[PDB]
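To find a chain, count down the sequence lines: A is the first, B the second, and so on, and within it residues start at 1.
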Amino acid sequence: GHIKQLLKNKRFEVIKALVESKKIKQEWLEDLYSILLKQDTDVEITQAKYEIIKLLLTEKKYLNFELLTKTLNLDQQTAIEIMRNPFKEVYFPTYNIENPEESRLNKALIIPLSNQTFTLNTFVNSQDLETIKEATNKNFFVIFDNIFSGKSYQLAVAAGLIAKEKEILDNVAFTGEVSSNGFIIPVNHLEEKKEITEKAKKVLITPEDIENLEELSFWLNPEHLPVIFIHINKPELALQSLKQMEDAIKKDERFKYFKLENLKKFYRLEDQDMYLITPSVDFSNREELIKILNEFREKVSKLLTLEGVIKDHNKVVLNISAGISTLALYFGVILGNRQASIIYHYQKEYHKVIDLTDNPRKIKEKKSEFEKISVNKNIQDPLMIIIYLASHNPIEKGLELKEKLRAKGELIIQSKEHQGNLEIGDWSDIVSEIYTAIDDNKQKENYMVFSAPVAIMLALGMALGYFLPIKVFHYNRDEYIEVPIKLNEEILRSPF
RNA sequence: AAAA
């Protein structure tokens, strides 16, 4: 045989390149499988083993059950799982203090198994693989594309077994040892390993980022992946408010393992992907408001879909807050109430006020008797809608504007008892009652002014949608100015 | 009514 001749001359590098090319005859398979049993005495044999295994799994016409059983001595159950279970490739860097040029970002191919843990590399300690099996409760097969020392690959291998999809592992690497119960053990040469991983255009995850396998599974096998979007008015409060959002997120039991830096590292997110700064907004400028709304749509789209890593849109949880009540109303109209999101109200810190993860349309459910708001109405066309939930009373100027616009109707919504000091809590009942009064009394043409918390207007935007003919008037410090964007325009259609 |  051709490979038999190459094997007799120990030309493993020629065999590797011949395997990297997809030009292999079936008669060469018996000698190819036998190379997997050789001792890893030099890196050329180990790298030849890796390419052989990678070819059998990517080109399954070379994946033979008879050769798996007679050559590798695998039982029929392990041989099937090697044939049918998908493999995961995870990166991990190694630094040789004795030979700095021998350092490299290595790869590990992992296949989950049922009742057997083994490797094809002779330099690997079997007890170190048993520790991974005990920590993850998963048997596995692993092979490496390089010869190295130490146990710094254990976190990477555990990542390949816990992660459900490969995309989360395509742009990240790991380093660290794993204990028998899942706790991450520190390793050496973190700074050197980081320069190796970044030189390969990847991000390194060290024990300084992940402490146990439960925290690791929060990112690699997430149940509710929390992301952040905050709108603010001052740039100097950007980074500080991102950490305050992370603080309020960590208060939730479902997101106790959330870390801002880990979200940025695992999903290739930067600080600006999670905020929108508008220092001075001219609410009379239609085009200027359009850029802000477009930038909102682009950032939210990037957060809900990420870089294609997330496949189930229900897993993303958008922790959102805004800084301008008029701007938040339009943000909510575009956001809609089909995406799982949590709205936070900021006073001193971020306060969770509306949780749409269990019932997203709870801010839209009408009630027969109003418990949180008081309604004083005279329904005629056109209708002037006034919302009074904050400290400043807009009724006087709202009714002045009603007669300036020749509006014949009025719908005055204000807090039932107490005013400007809404108790911090589930604000979804207030929003549902405000939506009820608006939806039950809406006319052919409507105008709306509001003095309410920004989180209230944000939620109200999601409840209303873009179907209602409402003209919004923004209070420019002392006078109402018409927003040149009607609340039913086609540019406000929710794409989510 | 510009994180009320």
Side-chain angles (χ1 to χ4, degrees), chain A residues 228-249 274-285 288-289 292-293 296 318-332 335 341-354 372-373 384-402 411-425 427 430-431 434 447-462 470-483 487:
Chain A
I228 291 178
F229 182 87
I230 52 168
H231 167 262
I232 45 166
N233 316 325
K234 305 175 213 341
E236 70 268 15
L237 297 173
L239 295 203
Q240 153 198 339
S241 305
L242 280 174
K243 314 293 303 185
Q244 287 202 274
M245 193 39 112
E246 174 193 39
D247 283 352
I249 282 173
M274 312 196 266
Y275 63 65
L276 202 185
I277 304 164
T278 60
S280 190
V281 187
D282 187 5
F283 280 98
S284 79
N285 199 307
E288 176 196 301
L289 279 173
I292 295 168
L293 262 43
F296 171 80
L318 181 76
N319 299 267
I320 182 164
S321 192
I324 303 166
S325 68
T326 304
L327 204 56
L329 171 67
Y330 286 86
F331 284 167
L335 183 52
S341 66
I342 313 196
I343 310 159
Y344 293 75
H345 174 88
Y346 187 93
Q347 36 178 261
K348 314 207 288 232
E349 74 212 11
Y350 278 109
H351 301 275
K352 166 213 217 182
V353 284
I354 288 167
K372 300 284 190 174
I373 67 162
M384 168 64 75
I385 305 162
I386 309 174
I387 299 169
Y388 176 31
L389 293 182
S391 285
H392 283 89
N393 198 337
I395 286 167
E396 166 169 64
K397 261 80 178 305
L399 289 179
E400 265 173 31
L401 173 70
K402 166 208 181 181
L411 174 65
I412 306 172
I413 302 169
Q414 79 181 266
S415 167
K416 241 205 149 186
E417 284 161 60
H418 89 191
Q419 184 80 48
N421 186 258
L422 294 196
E423 304 289 329
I424 296 207
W427 285 4
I430 286 100
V431 176
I434 295 169
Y447 318 107
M448 183 145 75
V449 303
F450 37 82
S451 170
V454 179
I456 290 284
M457 307 312 303
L458 186 63
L460 183 62
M462 304 154 221
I470 291 174
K471 282 172 183 177
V472 180
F473 277 73
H474 172 81
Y475 199 66
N476 199 359
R477 284 145 155 299
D478 85 291
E479 53 176 356
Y480 278 124
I481 311 291
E482 180 178 350
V483 182
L487 219 61

Quiz item: Checking all strands, does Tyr344(A) fall into the base, sugar-phosphate, or nothing category for heavy-atom contacts under 4.0 angstrom?
Solution: nothing
Quiz item: When you check the phosphate oxygens OP1 and OP2 of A3(B), does a side-chain N or O of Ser321(A) lie under 4.0 Å from one of them?
Solution: no
Quiz item: Where along residues 235-242 of chain A does a heavy atom come under 4.0 Å from RNA chain B, residue by residue in number order?
Solution: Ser241(A)
I'd like a table of donor-acceptor pairs (distance under 3.5 Å, sequence neighbours excluded) in which one partner is a side-chain atom from residues 386-399 of chain A, with atom names and distances.
{"from": "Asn393(A)", "atom 1": "OD1", "to": "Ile395(A)", "atom 2": "N", "distance (Å)": "3.1"}
{"from": "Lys397(A)", "atom 1": "NZ", "to": "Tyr475(A)", "atom 2": "OH", "distance (Å)": "2.9"}
{"from": "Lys397(A)", "atom 1": "NZ", "to": "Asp478(A)", "atom 2": "O", "distance (Å)": "3.3"}

Quiz item: Between atom CG in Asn233(A) and atom P in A3(B), what is the gap in whole Å?
Solution: 6 Å
Quiz item: So what does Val281(A) touch, heavy atoms closer than 4.0 Å: a base, only the sugar-phosphate, or nothing?
Solution: base
Practice problem: Look at all strands and tell whether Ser391(A) reaches a base, only sugar-phosphate, or nothing, counting heavy atoms closer than 4.0 Å. | Solution: sugar-phosphate
Quiz item: Taking atom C1' of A3(B) as reference, at what distance in whole Å does atom CG of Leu276(A) sit?
Solution: 14 Å
Self-check item: Pairs touching residues 229-246 of chain A that satisfy salt bridge (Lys or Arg N to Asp or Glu O under 4.0 Å), sequence neighbours left out
Solution: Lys243(A)-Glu246(A)
Quiz item: Contact class for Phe283(A) (heavy atom, under 4.0 Å): base, sugar-phosphate, or nothing?
Solution: base
Exercise. May I ask you to list the residues of residues 412-424 of chain A, by number, that have any heavy atom positioned under 4.0 Å from an atom of RNA chain B?
Key: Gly420(A), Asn421(A), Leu422(A)
Quiz item: With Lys402(A), which residues qualify under side chain to side chain donor-acceptor pair (under 3.5 Å), at least two apart?
Solution: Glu410(A)
Quiz item: Got a second to check how far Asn319(A)'s CG is from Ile343(A)'s CD1, nearest 0.5 Å?
Solution: 10.5 Å
Exercise. Send over the distance from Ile481(A) CD1 to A2(B) P, rounded to a whole Å.
Key: 14 Å
Quiz item: Looking at CZ of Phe229(A) and CD1 of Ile320(A), how far apart are the two atoms once the value is rounded to the nearest 0.5 Å?
Solution: 6.0 Å
Quiz item: Just how far is it from atom CD1 of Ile277(A) to atom CD1 of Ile230(A), taken to the nearest 0.5 Å?
Solution: 8.0 Å
Quiz item: Between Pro453(A) and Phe450(A), who's closer to the 5' end of RNA chain B by nearest nucleotide?
Solution: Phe450(A)
Practice problem: Check the distance between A2(B)'s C1' and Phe473(A)'s CZ and give it to me in whole angstrom. | Solution: 19 Å
Quiz prompt | Whether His474(A) and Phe283(A) hold their rings parallel, tilted or perpendicular, with breakpoints at 30° and 60° | solution = parallel
Quiz item: Considering all heavy atoms of both residues, which atom of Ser325(A) and which atom of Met457(A) are nearest to each other, and what is their separation?
Solution: O-CB, 3.5 Å
Quiz item: What is the distance, rounded to the nearest whole Å, between atom NE2 of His474(A) and atom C1' of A3(B)?
Solution: 14 Å
Exercise. Take the protein atom NZ of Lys352(A) and the nucleotide atom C1' of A3(B), then report the distance between them rounded to whole Å.
Key: 19 Å
Quiz item: NA contact type, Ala452(A), heavy-atom cut-off 4.0 Å: base, sugar-phosphate, or nothing?
Solution: sugar-phosphate
Exercise. Check every strand shown and say whether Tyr480(A) touches a base, only sugar-phosphate, or nothing at a heavy-atom separation below 4.0 Å.
Key: base
Quiz item: Among all residues two or more places apart in sequence or in another chain, which pass the side chain to side chain donor-acceptor pair (under 3.5 Å) test with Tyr346(A)?
Solution: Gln244(A)
Quiz item: Rounded to whole angstrom units, what separation is found between the CE atom of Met457(A) and the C1' atom of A3(B)?
Solution: 14 Å
Quiz item: So how far is it from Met448(A) CE to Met384(A) CE, rounded to the nearest 0.5 Å?
Solution: 11.0 Å
